[PDB]
$ cat start02.pdb   # PDB, C-alpha atoms and all ligand atoms
MODEL        1
ATOM      1  CA  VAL F   3       0.000   0.000   0.000  1.00  0.00           C
ATOM      2  CA  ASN F   4       1.224   3.490  -0.932  1.00  0.00           C
ATOM      3  CA  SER F   5      -0.114   7.045  -0.714  1.00  0.00           C
ATOM      4  CA  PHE F   6      -0.922   7.646  -4.396  1.00  0.00           C
ATOM      5  CA  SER F   7      -4.590   8.579  -4.835  1.00  0.00           C
ATOM      6  CA  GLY F   8      -7.110   8.855  -7.659  1.00  0.00           C
ATOM      7  CA  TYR F   9      -5.154   6.868 -10.258  1.00  0.00           C
ATOM      8  CA  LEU F  10      -6.732   4.676 -12.900  1.00  0.00           C
ATOM      9  CA  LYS F  11      -5.118   1.216 -13.022  1.00  0.00           C
ATOM     10  CA  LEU F  12      -3.987   0.319 -16.543  1.00  0.00           C
ATOM     11  CA  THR F  13      -2.061  -2.914 -15.845  1.00  0.00           C
ATOM     12  CA  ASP F  14      -0.625  -4.888 -12.941  1.00  0.00           C
ATOM     13  CA  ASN F  15       2.049  -2.214 -12.428  1.00  0.00           C
ATOM     14  CA  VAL F  16       1.089   0.954 -14.404  1.00  0.00           C
ATOM     15  CA  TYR F  17      -1.311   3.634 -13.139  1.00  0.00           C
ATOM     16  CA  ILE F  18      -2.348   6.973 -14.693  1.00  0.00           C
ATOM     17  CA  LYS F  19      -3.921  10.277 -13.589  1.00  0.00           C
ATOM     18  CA  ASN F  20      -4.653  13.742 -14.998  1.00  0.00           C
ATOM     19  CA  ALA F  21      -2.397  15.769 -12.713  1.00  0.00           C
ATOM     20  CA  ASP F  22       0.344  18.374 -12.421  1.00  0.00           C
ATOM     21  CA  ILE F  23       3.443  16.348 -11.514  1.00  0.00           C
ATOM     22  CA  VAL F  24       4.756  19.265  -9.443  1.00  0.00           C
ATOM     23  CA  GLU F  25       1.623  19.375  -7.293  1.00  0.00           C
ATOM     24  CA  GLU F  26       1.516  15.573  -7.106  1.00  0.00           C
ATOM     25  CA  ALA F  27       5.121  15.374  -5.898  1.00  0.00           C
ATOM     26  CA  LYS F  28       4.561  18.104  -3.300  1.00  0.00           C
ATOM     27  CA  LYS F  29       1.549  16.193  -1.947  1.00  0.00           C
ATOM     28  CA  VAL F  30       2.899  12.633  -2.020  1.00  0.00           C
ATOM     29  CA  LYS F  31       6.627  13.306  -1.495  1.00  0.00           C
ATOM     30  CA  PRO F  32       7.430  10.049  -3.319  1.00  0.00           C
ATOM     31  CA  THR F  33      10.690   8.191  -3.008  1.00  0.00           C
ATOM     32  CA  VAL F  34      11.396   8.889  -6.696  1.00  0.00           C
ATOM     33  CA  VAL F  35      10.080  11.570  -9.040  1.00  0.00           C
ATOM     34  CA  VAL F  36      11.146  11.244 -12.676  1.00  0.00           C
ATOM     35  CA  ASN F  37      12.279  14.336 -14.568  1.00  0.00           C
ATOM     36  CA  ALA F  38      11.946  14.622 -18.348  1.00  0.00           C
ATOM     37  CA  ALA F  39      15.587  15.670 -18.697  1.00  0.00           C
ATOM     38  CA  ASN F  40      17.936  16.522 -21.535  1.00  0.00           C
ATOM     39  CA  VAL F  41      21.559  15.386 -21.704  1.00  0.00           C
ATOM     40  CA  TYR F  42      22.832  18.718 -20.330  1.00  0.00           C
ATOM     41  CA  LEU F  43      20.378  18.744 -17.408  1.00  0.00           C
ATOM     42  CA  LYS F  44      19.280  22.223 -18.528  1.00  0.00           C
ATOM     43  CA  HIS F  45      15.816  22.415 -16.981  1.00  0.00           C
ATOM     44  CA  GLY F  46      14.229  25.143 -19.054  1.00  0.00           C
ATOM     45  CA  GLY F  47      10.691  24.100 -19.922  1.00  0.00           C
ATOM     46  CA  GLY F  48       8.115  21.362 -19.876  1.00  0.00           C
ATOM     47  CA  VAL F  49       8.232  19.071 -16.864  1.00  0.00           C
ATOM     48  CA  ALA F  50      11.894  19.884 -16.190  1.00  0.00           C
ATOM     49  CA  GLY F  51      11.373  23.635 -16.092  1.00  0.00           C
ATOM     50  CA  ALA F  52       8.364  23.169 -13.812  1.00  0.00           C
ATOM     51  CA  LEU F  53      10.131  20.805 -11.392  1.00  0.00           C
ATOM     52  CA  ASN F  54      13.194  23.026 -11.256  1.00  0.00           C
ATOM     53  CA  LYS F  55      11.061  26.132 -10.612  1.00  0.00           C
ATOM     54  CA  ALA F  56       9.365  24.345  -7.700  1.00  0.00           C
ATOM     55  CA  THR F  57      12.829  23.727  -6.151  1.00  0.00           C
ATOM     56  CA  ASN F  58      13.671  27.452  -6.348  1.00  0.00           C
ATOM     57  CA  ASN F  59      16.442  26.572  -8.893  1.00  0.00           C
ATOM     58  CA  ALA F  60      18.218  24.199  -6.472  1.00  0.00           C
ATOM     59  CA  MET F  61      17.721  21.372  -8.980  1.00  0.00           C
ATOM     60  CA  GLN F  62      19.552  23.402 -11.639  1.00  0.00           C
ATOM     61  CA  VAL F  63      22.425  24.300  -9.285  1.00  0.00           C
ATOM     62  CA  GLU F  64      22.903  20.638  -8.351  1.00  0.00           C
ATOM     63  CA  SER F  65      22.611  19.603 -12.004  1.00  0.00           C
ATOM     64  CA  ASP F  66      25.260  22.083 -13.164  1.00  0.00           C
ATOM     65  CA  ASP F  67      27.725  20.608 -10.672  1.00  0.00           C
ATOM     66  CA  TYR F  68      26.814  17.092 -11.859  1.00  0.00           C
ATOM     67  CA  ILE F  69      27.520  18.007 -15.502  1.00  0.00           C
ATOM     68  CA  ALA F  70      30.747  19.833 -14.644  1.00  0.00           C
ATOM     69  CA  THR F  71      31.997  16.633 -12.986  1.00  0.00           C
ATOM     70  CA  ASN F  72      30.562  13.918 -15.238  1.00  0.00           C
ATOM     71  CA  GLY F  73      29.711  15.444 -18.604  1.00  0.00           C
ATOM     72  CA  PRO F  74      26.403  15.024 -20.417  1.00  0.00           C
ATOM     73  CA  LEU F  75      24.089  12.069 -20.110  1.00  0.00           C
ATOM     74  CA  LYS F  76      23.309   9.775 -23.032  1.00  0.00           C
ATOM     75  CA  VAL F  77      19.974   9.919 -24.819  1.00  0.00           C
ATOM     76  CA  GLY F  78      18.173   6.974 -23.236  1.00  0.00           C
ATOM     77  CA  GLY F  79      20.216   7.345 -20.040  1.00  0.00           C
ATOM     78  CA  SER F  80      19.614   8.672 -16.553  1.00  0.00           C
ATOM     79  CA  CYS F  81      21.145   9.807 -13.301  1.00  0.00           C
ATOM     80  CA  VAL F  82      19.861   9.890  -9.719  1.00  0.00           C
ATOM     81  CA  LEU F  83      20.074  13.266  -7.977  1.00  0.00           C
ATOM     82  CA  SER F  84      18.305  14.870  -5.035  1.00  0.00           C
ATOM     83  CA  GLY F  85      14.543  15.256  -5.036  1.00  0.00           C
ATOM     84  CA  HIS F  86      14.925  18.517  -3.071  1.00  0.00           C
ATOM     85  CA  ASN F  87      11.558  19.567  -1.577  1.00  0.00           C
ATOM     86  CA  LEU F  88       9.590  17.364  -4.002  1.00  0.00           C
ATOM     87  CA  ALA F  89      10.759  13.779  -3.392  1.00  0.00           C
ATOM     88  CA  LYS F  90      13.587  11.856  -1.789  1.00  0.00           C
ATOM     89  CA  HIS F  91      15.297  11.388  -5.169  1.00  0.00           C
ATOM     90  CA  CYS F  92      14.888  12.698  -8.689  1.00  0.00           C
ATOM     91  CA  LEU F  93      15.607  10.244 -11.504  1.00  0.00           C
ATOM     92  CA  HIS F  94      16.582  12.450 -14.467  1.00  0.00           C
ATOM     93  CA  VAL F  95      15.749  10.394 -17.583  1.00  0.00           C
ATOM     94  CA  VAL F  96      16.556  11.480 -21.143  1.00  0.00           C
ATOM     95  CA  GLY F  97      13.995  10.355 -23.671  1.00  0.00           C
ATOM     96  CA  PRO F  98      14.634  11.149 -27.332  1.00  0.00           C
ATOM     97  CA  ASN F  99      13.552  14.631 -28.429  1.00  0.00           C
ATOM     98  CA  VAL F 100      11.903  14.248 -31.835  1.00  0.00           C
ATOM     99  CA  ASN F 101      12.246  17.995 -32.381  1.00  0.00           C
ATOM    100  CA  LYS F 102      16.028  17.328 -32.371  1.00  0.00           C
ATOM    101  CA  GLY F 103      15.914  14.358 -34.768  1.00  0.00           C
ATOM    102  CA  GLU F 104      16.647  11.730 -32.110  1.00  0.00           C
ATOM    103  CA  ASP F 105      15.833   8.050 -32.608  1.00  0.00           C
ATOM    104  CA  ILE F 106      12.435   7.134 -31.150  1.00  0.00           C
ATOM    105  CA  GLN F 107      13.686   3.568 -30.597  1.00  0.00           C
ATOM    106  CA  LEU F 108      15.678   5.040 -27.686  1.00  0.00           C
ATOM    107  CA  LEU F 109      12.392   5.577 -25.828  1.00  0.00           C
ATOM    108  CA  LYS F 110      12.423   1.943 -24.686  1.00  0.00           C
ATOM    109  CA  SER F 111      15.973   2.347 -23.353  1.00  0.00           C
ATOM    110  CA  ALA F 112      14.846   5.480 -21.497  1.00  0.00           C
ATOM    111  CA  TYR F 113      11.970   3.651 -19.797  1.00  0.00           C
ATOM    112  CA  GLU F 114      14.287   0.767 -18.800  1.00  0.00           C
ATOM    113  CA  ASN F 115      15.843   3.139 -16.255  1.00  0.00           C
ATOM    114  CA  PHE F 116      12.568   3.005 -14.300  1.00  0.00           C
ATOM    115  CA  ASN F 117      13.139  -0.705 -13.549  1.00  0.00           C
ATOM    116  CA  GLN F 118      15.933   0.206 -11.113  1.00  0.00           C
ATOM    117  CA  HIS F 119      13.322   1.708  -8.736  1.00  0.00           C
ATOM    118  CA  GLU F 120      10.468  -0.134  -7.048  1.00  0.00           C
ATOM    119  CA  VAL F 121       7.977   2.777  -7.211  1.00  0.00           C
ATOM    120  CA  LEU F 122       8.089   6.026  -9.216  1.00  0.00           C
ATOM    121  CA  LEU F 123       6.013   9.107  -9.970  1.00  0.00           C
ATOM    122  CA  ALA F 124       6.679   9.981 -13.600  1.00  0.00           C
ATOM    123  CA  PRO F 125       5.628  11.823 -16.765  1.00  0.00           C
ATOM    124  CA  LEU F 126       5.275  10.198 -20.161  1.00  0.00           C
ATOM    125  CA  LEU F 127       8.786  10.242 -21.603  1.00  0.00           C
ATOM    126  CA  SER F 128       9.344  12.108 -24.878  1.00  0.00           C
ATOM    127  CA  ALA F 129       5.799  13.565 -24.731  1.00  0.00           C
ATOM    128  CA  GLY F 130       4.947  17.253 -24.670  1.00  0.00           C
ATOM    129  CA  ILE F 131       7.744  19.488 -25.948  1.00  0.00           C
ATOM    130  CA  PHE F 132       9.915  16.434 -26.735  1.00  0.00           C
ATOM    131  CA  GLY F 133       7.610  15.891 -29.726  1.00  0.00           C
ATOM    132  CA  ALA F 134       6.785  12.165 -29.613  1.00  0.00           C
ATOM    133  CA  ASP F 135       3.294  10.661 -29.777  1.00  0.00           C
ATOM    134  CA  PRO F 136       2.051  10.288 -26.166  1.00  0.00           C
ATOM    135  CA  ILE F 137      -0.075   7.255 -27.068  1.00  0.00           C
ATOM    136  CA  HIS F 138       3.108   5.545 -28.262  1.00  0.00           C
ATOM    137  CA  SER F 139       5.005   6.612 -25.145  1.00  0.00           C
ATOM    138  CA  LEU F 140       2.330   5.128 -22.876  1.00  0.00           C
ATOM    139  CA  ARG F 141       2.474   1.887 -24.870  1.00  0.00           C
ATOM    140  CA  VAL F 142       6.266   1.714 -24.528  1.00  0.00           C
ATOM    141  CA  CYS F 143       5.950   2.446 -20.807  1.00  0.00           C
ATOM    142  CA  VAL F 144       3.475  -0.389 -20.248  1.00  0.00           C
ATOM    143  CA  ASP F 145       5.554  -2.811 -22.339  1.00  0.00           C
ATOM    144  CA  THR F 146       8.909  -1.883 -20.720  1.00  0.00           C
ATOM    145  CA  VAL F 147       8.458  -0.849 -17.085  1.00  0.00           C
ATOM    146  CA  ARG F 148       7.951  -3.733 -14.652  1.00  0.00           C
ATOM    147  CA  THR F 149       8.156  -1.737 -11.415  1.00  0.00           C
ATOM    148  CA  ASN F 150       5.239   0.307 -10.070  1.00  0.00           C
ATOM    149  CA  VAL F 151       4.827   3.535 -12.037  1.00  0.00           C
ATOM    150  CA  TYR F 152       2.340   6.326 -11.326  1.00  0.00           C
ATOM    151  CA  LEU F 153       1.987   8.497 -14.428  1.00  0.00           C
ATOM    152  CA  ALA F 154       0.913  12.137 -14.207  1.00  0.00           C
ATOM    153  CA  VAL F 155      -0.543  13.526 -17.460  1.00  0.00           C
ATOM    154  CA  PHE F 156      -0.847  17.316 -17.229  1.00  0.00           C
ATOM    155  CA  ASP F 157      -3.259  17.874 -20.126  1.00  0.00           C
ATOM    156  CA  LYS F 158      -6.783  16.770 -19.186  1.00  0.00           C
ATOM    157  CA  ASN F 159      -7.750  16.477 -22.841  1.00  0.00           C
ATOM    158  CA  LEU F 160      -4.697  14.305 -23.470  1.00  0.00           C
ATOM    159  CA  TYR F 161      -5.419  12.198 -20.378  1.00  0.00           C
ATOM    160  CA  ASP F 162      -8.934  11.397 -21.599  1.00  0.00           C
ATOM    161  CA  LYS F 163      -7.559  10.420 -25.011  1.00  0.00           C
ATOM    162  CA  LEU F 164      -4.891   8.127 -23.524  1.00  0.00           C
ATOM    163  CA  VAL F 165      -7.422   6.237 -21.395  1.00  0.00           C
ATOM    164  CA  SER F 166     -10.039   5.836 -24.123  1.00  0.00           C
ATOM    165  CA  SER F 167      -7.478   4.565 -26.644  1.00  0.00           C
ATOM    166  CA  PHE F 168      -5.599   2.330 -24.214  1.00  0.00           C
ATOM    167  CA  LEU F 169      -5.454  -1.272 -25.365  1.00  0.00           C
TER     168      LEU F 169
HETATM  169  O1  LIG Q   1       6.303  14.519 -20.580  1.00  0.00           O
HETATM  170  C1  LIG Q   1       5.377  15.254 -21.395  1.00  0.00           C
HETATM  171  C2  LIG Q   1       4.196  15.711 -20.491  1.00  0.00           C
HETATM  172  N1  LIG Q   1       4.571  16.788 -19.570  1.00  0.00           N
HETATM  173  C3  LIG Q   1       4.124  16.954 -18.193  1.00  0.00           C
HETATM  174  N2  LIG Q   1       3.526  15.888 -17.586  1.00  0.00           N
HETATM  175  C4  LIG Q   1       3.105  16.045 -16.281  1.00  0.00           C
HETATM  176  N3  LIG Q   1       3.194  17.143 -15.479  1.00  0.00           N
HETATM  177  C5  LIG Q   1       3.799  18.149 -16.170  1.00  0.00           C
HETATM  178  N4  LIG Q   1       4.019  19.407 -15.534  1.00  0.00           N
HETATM  179  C6  LIG Q   1       4.640  20.240 -16.469  1.00  0.00           C
HETATM  180  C7  LIG Q   1       4.832  19.536 -17.673  1.00  0.00           C
HETATM  181  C8  LIG Q   1       4.302  18.196 -17.516  1.00  0.00           C
HETATM  182  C9  LIG Q   1       3.020  16.213 -21.408  1.00  0.00           C
HETATM  183  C10 LIG Q   1       2.014  15.141 -21.811  1.00  0.00           C
HETATM  184  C11 LIG Q   1       0.853  16.073 -21.215  1.00  0.00           C
HETATM  185  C12 LIG Q   1       1.946  17.007 -20.616  1.00  0.00           C
HETATM  186 CL    CL Q   2       5.953  19.063 -21.815  1.00  0.00          CL
ENDMDL
END
$ encode --input "start02.pdb" --output "structure tokens" --more "lines below"
Ligand SMILES: OC[C@@H](Nc1ncnc2[nH]ccc12)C1CCC1
Ligand SMILES: [Cl-]
Amino acid sequence: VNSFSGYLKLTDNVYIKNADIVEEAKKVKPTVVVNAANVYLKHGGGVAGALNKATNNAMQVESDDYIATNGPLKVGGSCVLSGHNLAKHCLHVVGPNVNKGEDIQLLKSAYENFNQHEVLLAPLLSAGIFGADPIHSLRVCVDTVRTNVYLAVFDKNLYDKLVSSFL
């Protein structure tokens, strides 16, 4: 039993809700919140910009030190950093950005990072400003993640479409 509330159950391990991931994280304080990161951990917009704003830029400060030490992530890769005031940990995961010409096949690799964590609050990878089809992303999530994932879909209209089309 966990403290997530109001989710629709899609499969044994995947759950979905129309919600602002920032507000969800502040309420639940999950062990792991997933950020929709880029390889430079530059948290400008979308989920990343919103999460970073909610940390008063502490996420960005920590991320800049991480990059200065380690260099950029790989597309499809991840790193674990602090969750600041939002969660215990933040798993920064880089899905492919279609608006950069990146290979959508890397979306499965990106979701594989979730399997290293028993429970996660997460967005749909590569959706929104990353330019991929959210229906496809949800399908890849369900077919790749085996741990317990609670998906927050910000757009109510998109949420309704994902549920009604879910196979
Ligand atoms: O990953 C892409 C998704 N982005 C977010 N998901 C959840 N909460 C969010 N808050 C700010 C952006 C954001 C889009 C699909 C509908 C939104
Ligand atoms: Cl977005």
$ closest_atom_pairs --input "start02.pdb" --of "chain F" --to "ligand LIG 1 (chain Q)" --cutoff "7 Å" --atoms "only C-alpha atoms and all ligand atoms" --output "CSV"
residue,atom,partner,partner_atom,distance
F:21,CA,Q:LIG1,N3,6.4
F:22,CA,Q:LIG1,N3,4.4
F:23,CA,Q:LIG1,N3,4.1
F:24,CA,Q:LIG1,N4,6.1
F:38,CA,Q:LIG1,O1,6.1
F:48,CA,Q:LIG1,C7,4.4
F:49,CA,Q:LIG1,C7,3.5
F:52,CA,Q:LIG1,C6,5.4
F:125,CA,Q:LIG1,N2,4.6
F:126,CA,Q:LIG1,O1,4.5
F:127,CA,Q:LIG1,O1,5.1
F:128,CA,Q:LIG1,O1,5.8
F:129,CA,Q:LIG1,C1,3.8
F:130,CA,Q:LIG1,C1,3.9
F:131,CA,Q:LIG1,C1,6.7
F:136,CA,Q:LIG1,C10,6.5
F:154,CA,Q:LIG1,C4,4.9
F:155,CA,Q:LIG1,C4,4.6
F:156,CA,Q:LIG1,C4,4.3
F:157,CA,Q:LIG1,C11,4.6
F:160,CA,Q:LIG1,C11,6.2
$ atom_distance --input "start02.pdb" --atom1 "CA of residue 116 in chain F" --atom2 "CA of residue 34 in chain F"
9.7 Å
$ residues_near_point --input "start02.pdb" --point "(8.6, 8.4, -9.7)" --cutoff "9 Å" --atoms "all atoms listed in the file" --output "list in words"
residues 27, 32, 33, 34, 35, 36, 37, 89, 91, 92, 93, 116, 119, 121, 122, 123, 124, 125, 150, 151, 152 and 153 of chain F
$ resolve_selection --input "start02.pdb" --expression "the PyMOL selection byres (((chain F and resi 12) around 12) and not hetatm)" --output "ChimeraX atom specification"
/F:9-11,13-19,140-141,143-145,150-153,164-169
$ atom_distance --input "start02.pdb" --atom1 "CA of residue 6 in chain F" --atom2 "CA of residue 43 in chain F"
27.3 Å
$ resolve_selection --input "start02.pdb" --expression "the PyMOL selection byres (((chain F and resi 76) around 10) and not hetatm)" --output "list in words"
residues 40, 41, 42, 73, 74, 75, 77, 78, 79, 80, 81, 95, 96, 97, 98 and 112 of chain F
$ closest_residue --input "start02.pdb" --among "F:148, F:45, F:138, F:102" --to "ligand CL 2 (chain Q)" --atoms "only C-alpha atoms and all ligand atoms"
F:45
$ atom_distance --input "start02.pdb" --atom1 "CA of residue 86 in chain F" --atom2 "CA of residue 71 in chain F"
19.8 Å
$ closest_residue --input "start02.pdb" --among "F:5, F:65, F:118, F:107" --to "residue 29 in chain F" --atoms "only C-alpha atoms"
F:5
$ closest_residue --input "start02.pdb" --among "F:60, F:147, F:134, F:3" --to "ligand CL 2 (chain Q)" --atoms "all atoms listed in the file"
F:134
